[PDB]
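Contents: one structure, followed by commentary.
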Amino acid sequence: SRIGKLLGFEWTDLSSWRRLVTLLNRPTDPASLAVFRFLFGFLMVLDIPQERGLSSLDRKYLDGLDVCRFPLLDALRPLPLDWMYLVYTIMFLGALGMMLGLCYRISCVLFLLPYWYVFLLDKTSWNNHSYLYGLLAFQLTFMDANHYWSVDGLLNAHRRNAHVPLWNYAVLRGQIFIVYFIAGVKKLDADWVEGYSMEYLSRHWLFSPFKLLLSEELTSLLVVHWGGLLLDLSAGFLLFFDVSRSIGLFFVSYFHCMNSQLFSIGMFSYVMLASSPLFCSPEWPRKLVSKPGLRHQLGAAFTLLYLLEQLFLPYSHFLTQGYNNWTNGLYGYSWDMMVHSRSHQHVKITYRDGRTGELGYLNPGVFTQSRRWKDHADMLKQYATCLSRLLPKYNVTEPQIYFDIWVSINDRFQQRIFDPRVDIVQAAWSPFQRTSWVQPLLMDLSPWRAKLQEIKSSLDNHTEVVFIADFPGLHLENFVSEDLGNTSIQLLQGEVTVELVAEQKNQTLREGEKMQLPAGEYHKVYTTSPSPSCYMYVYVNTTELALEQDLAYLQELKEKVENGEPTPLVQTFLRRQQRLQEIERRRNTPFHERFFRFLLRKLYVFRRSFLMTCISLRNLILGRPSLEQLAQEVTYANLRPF
Ligand SMILES: *[C@@H]1O[C@H](CO)[C@@H](O[C@@H]2O[C@H](CO)[C@@H](O)[C@H](O)[C@H]2NC(C)=O)[C@H](O)[C@H]1NC(C)=O
Ligand SMILES: *[C@@H]1O[C@H](CO)[C@@H](O[C@@H]2O[C@H](CO)[C@@H](O)[C@H](O)[C@H]2NC(C)=O)[C@H](O)[C@H]1NC(C)=O
Ligand SMILES: *[C@@H]1O[C@H](CO)[C@@H](O[C@@H]2O[C@H](CO)[C@@H](O)[C@H](O)[C@H]2NC(C)=O)[C@H](O)[C@H]1NC(C)=O
Ligand SMILES: *[C@@H]1O[C@H](CO)[C@@H](O)[C@H](O)[C@H]1NC(C)=O
């Protein structure tokens, strides 16, 4: 029958529970599962000492210097350095055991435990590939892949050349299809259909022949955005059918190779390439060489429940209102890669003393190791709690901490994200309720960006225009510098007051009015309307302005008569010229020198990781020697091999 030829199954097995159970447990050849197991083990062995932090473990959890952690659960506290090195050693031993296929269950447990522990230990390092690695580890733990091409066959003849059930293939195929389909359906965004996101990626040299047949706007619009969506849909769909197998495999391989070359994601693309050929016939590596029980019901119930859970999970942001933010939820467990970009401008942290009442300012990125806390509420709350418990170390009383964070998403209006008058230390945050101290985004200016495009077709190219939207009640204080000549402010919408404190003069502005700000003084803008206000700064100050004035003077002198202690400006210009010549030389440099330097750096990373692991194991087993020998070993370990 054509139905069973194409779909691989019949309808009459779906009529009964027992018929479905008997259908889902047909035996098959284990060769491709063993090939995928070997490839996944080798890729994880190569991937552990590079991205997970085995080399950089000594400066992430160094003793003495306290860093505000960001765990999912507040009870989690990391172990000291020797125990963390022991945990990474146990994880590497489990990865080696999964790679060689000996003692498969214990190896899968010893790989599944510390990877999930490290993934739950840190929220700032969440990504798509770590979550995919955790899901693939949890999937491959339960399956049996030790029946072909393994040391377990040599150590035991009972587990060599044996059959495997169908659901071990079905779960992995469903997982890959779920990842592809969820990425494709999450790429249907309002900012992605207009091509604003990742619009600067078309300037890369790997798109060099694509500019030969298409214009730059056409290459940036049709190929990057729509072509990626079509490639995701085709990678989801074409691998199921036997007619579209080879062309779909070629497209998947080309897409994964291009994404591996274009970005710095790591070894995610190689793992996707290793999981790509699983959709073929289950005897494809073999040609290269030459009443049901209760567990049958368990292997189907687990498959159905896991598929339902993984289908429901990426659209489960409607229950996580506590972690909800401007866009949606947390990041990483939604498969929406490369959709949004950030450009942070300024962060100001103020503190008021609880006893003296004095006001002071803190450093922007003090006591923190990451830059991902400026977009999420829970990380801000944990940072406030950490600063509240840390600030008495510097002769400070019980503090009041006020934040002021400005951010822009996908080149929009720079507006505040939180209210700067709410103390976060005494504030309330719950995972099951909507937060009350998050400013909503102003999407009403979205067509007026095109009007801003008209402003982008306005005046000199060297001029600068900044779009600022302000909430009612707040005030923006700025210091226009002395060099900022010809600085003007134009009001677009609302009612604002501009105040100069040097002469104590405040004026009200109307729509369309223009004002000239003083240079070298502090100024403030207040919103004095019930509605939020939108306005624009038009100014040009910089070395571009100075060089344009000097270029006009030199051009006038040239057309009149002529041709066209150290010197820091001349040396800076020569350094920029030498930077351009070094870029041109790197383009002209053959690949072998860069490859040798890359291999030397990777060998240094691997050697430093192995030496630090050996030093930590010697300190754990044989105790801690005197500090002179330890300092000598630290100096010897950090030395480049050469
Ligand atoms: C300083 O203010 C702004 C730049 O900050 C400029 O003002 C423009 O004035 C010129 C004519 O002088 C007009 O063509 C432009 O349309 C004005 N800018 C607007 C309305 O966007 C100019 O560089 C300086 N102002 C003056 C009066 O010279
Ligand atoms: C110009 O008018 C504004 C508008 O009232 C004044 O701004 C206020 O400043 C005072 C203290 O300077 C505060 O007590 C008020 O709460 C502010 N108003 C708002 C709505 O926040 C500004 O001080 C005036 N400047 C001069 C020089 O008179
Ligand atoms: C405003 O104009 C000044 C012109 O001096 C710009 O500054 C120079 O700034 C760069 C850093 O961006 C320094 O490396 C140079 O040494 C400065 N030149 C000097 C001091 O002669 C400045 O970037 C412009 N923009 C702002 C926001 O101030
Ligand atoms: C005041 O602060 C300094 C540095 O923070 C330190 O000596 C100590 O915490 C305080 N000293 C006294 C005498 O209270």
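Going through the structure tokens in order, the chains are called A, B, and so on, while each chain numbers its residues from 1 and the ligands are numbered from 1 in the order shown.
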- What lies within 10 Å of residue A:378 using only C-alpha atoms, ignoring chain neighbours under 5 positions off, as a ChimeraX atom specification? /A:70,72,322-325,330,373,383-384,429-431
Closest atom pairs, residues of chain A within 7 Å of ligand 2, only C-alpha atoms and all ligand atoms, as a Markdown table:
```
| residue | atom | partner | partner_atom_place_in_ligand_line | distance |
| --- | --- | --- | --- | --- |
| A:473 | CA | ligand 2 | 20 (C) | 6.2 |
| A:499 | CA | ligand 2 | 25 (N) | 6.3 |
| A:501 | CA | ligand 2 | 27 (C) | 6.5 |
| A:504 | CA | ligand 2 | 27 (C) | 3.9 |
| A:505 | CA | ligand 2 | 27 (C) | 5.0 |
| A:506 | CA | ligand 2 | 1 (C) | 4.8 |
| A:528 | CA | ligand 2 | 20 (C) | 6.5 |
```
- Task: Would you mind listing the residues within 12 Å of ligand 4, counting only C-alpha atoms and all ligand atoms, as a PyMOL selection string?
- Result: chain A and resi 391-397
Test item: residues lying within 6 Å of ligand 3 with only C-alpha atoms and all ligand atoms, as an mmCIF file with N, CA, C and O atoms, in the first residue's frame:
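What landed in out.cif:
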```
data_model
loop_
_atom_site.group_PDB
_atom_site.id
_atom_site.type_symbol
_atom_site.label_atom_id
_atom_site.label_comp_id
_atom_site.auth_asym_id
_atom_site.auth_seq_id
_atom_site.Cartn_x
_atom_site.Cartn_y
_atom_site.Cartn_z
ATOM 1 N N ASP A 483 32.983 71.520 24.042
ATOM 2 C CA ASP A 483 33.288 71.332 22.628
ATOM 3 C C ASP A 483 32.043 71.130 21.775
ATOM 4 O O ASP A 483 32.131 71.229 20.546
ATOM 5 N N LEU A 484 30.890 70.851 22.386
ATOM 6 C CA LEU A 484 29.667 70.525 21.647
ATOM 7 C C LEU A 484 29.078 71.803 21.054
ATOM 8 O O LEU A 484 28.110 72.379 21.554
ATOM 9 N N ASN A 541 29.469 67.431 16.908
ATOM 10 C CA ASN A 541 30.514 67.984 17.762
ATOM 11 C C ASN A 541 31.906 67.453 17.436
ATOM 12 O O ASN A 541 32.904 68.170 17.570
ATOM 13 N N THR A 542 31.969 66.217 16.952
ATOM 14 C CA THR A 542 33.110 65.343 17.188
ATOM 15 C C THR A 542 34.288 65.642 16.258
ATOM 16 O O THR A 542 34.355 66.670 15.570
ATOM 17 N N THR A 543 35.259 64.720 16.276
ATOM 18 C CA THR A 543 36.423 64.793 15.400
ATOM 19 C C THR A 543 36.028 64.725 13.931
ATOM 20 O O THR A 543 36.754 65.241 13.078
#
```
- Item | Test item: residues no farther than 8 Å from ligand 1, counting only C-alpha atoms and all ligand atoms, as a ChimeraX atom specification | /A:458-459,463,485-490,514,516,537-540
- Mind checking which residues fall within 7 Å of stretch 176-188 of chain A, counting only C-alpha atoms, ignoring those fewer than 4 positions away in the same chain, and posting them as a count of residues only? 9
- Shell of 12 Å around residue A:443, only C-alpha atoms, local chain residues under 6 positions omitted, as a ChimeraX atom specification: /A:190-191,326,409,412-413,415,449,469
